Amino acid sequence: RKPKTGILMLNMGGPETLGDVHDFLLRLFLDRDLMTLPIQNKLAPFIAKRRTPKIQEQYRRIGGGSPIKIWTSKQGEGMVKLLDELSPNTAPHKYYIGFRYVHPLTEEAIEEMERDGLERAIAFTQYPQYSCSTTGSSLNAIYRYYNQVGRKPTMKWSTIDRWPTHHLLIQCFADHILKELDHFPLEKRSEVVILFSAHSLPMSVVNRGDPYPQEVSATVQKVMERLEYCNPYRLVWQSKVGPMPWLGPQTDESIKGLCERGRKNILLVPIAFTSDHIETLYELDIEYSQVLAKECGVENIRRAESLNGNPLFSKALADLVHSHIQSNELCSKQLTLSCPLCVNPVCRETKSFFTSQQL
């Protein structure tokens, strides 16, 4: 039967092949919800083209691109499967991929959700932890869309804007951590340092009140609680781009910092992005790792597998949608509140949109 309940899966998406890099960077640096530059429509095209080469190299270092589109579909298909059996009253359920910087674009998925004549549309963020630069932008995209077309929705919108401590998300992290630990020498297992690595945020964003850091910290605690604190752990922030100040200990300097101090068995954990992505300096660059071993004696730096296609993740997705439908909520209580120092007119307009939806 015709599709009743649509499920828009929001994520920034990623460049499918090295060829898509430029179009990805382009839309990203044009995102006024992610950032703001002086002349914007002019230097954005440049900045993209400019550093497009080094980003292409980075993606080449991990397989030649991002597998998010494939992975997201598998999970989407696995989620829909369970939704039909979980909540028949809202079936048939259909998932749509709403990527922010690559096809299928958010706006592209919305237009199809419309054309398909759905009764209930659910903006389901794929970032467990809320940041105004990730979920906020994907959510502002939906808003901006209708404000553009000029027209109003033809279906009821609602949203699952965050889920940093969902019990199944936590069980997945716990499972994957235990799996890697077993890849460490039997007698080293106990002294392995778990470094939860999440993407950093510029301090100016943190200081305006972004909820992201506190949420990621929450996810980390649930995980360790579940693992019964079997090992020591630390939450560090990876990558970080630019000369300006970014949050907490950088993942790079924390790894080096840890080896110069006796901890040689490190287990990195991607706690804030569910799909494979660009790794850290000590994982990609060899000379820097060569020095780290000749000067600190680093013996093991492992990475827990991304939630990728774990069957228990789909179950996590389906459960969230199900509770959502049950609860009748339009959005979390946290979305009804903008950053204490929020300076984006759009933000408040997006709040209204979801809290003002029919039913």
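Residue positions are given as counts along the sequence shown, with the first one as 1.
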Once you work out the mean C-alpha B-factor for both 313-321 and 46-54 from the entry, which is higher? 46-54
Residue range whose averaged C-alpha B-factor is higher in the record, 155-163 or 87-95: 87-95
What's the residue among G248, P213, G150, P270 with the greatest CA temperature factor in the PDB record? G150
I170, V236, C132, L284, ranked by C-alpha B-factor: the highest one: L284
Sort the modelled residues of this chain by their C-alpha B factor and say whether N41 lands in the lowest, middle or highest third. highest
Looking at the entry's B-factor column for C-alpha atoms only, identify whether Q221 ranks in the lowest, middle or highest third of its chain. lowest
Looking at the entry's B-factor column for C-alpha atoms only, identify whether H199 ranks in the lowest, middle or highest third of its chain. lowest
With respect to C-alpha B-factor, does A123 fall in the lowest, middle or highest third of the chain as deposited? lowest
B-factor third for the C-alpha atom of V343 within its chain: highest
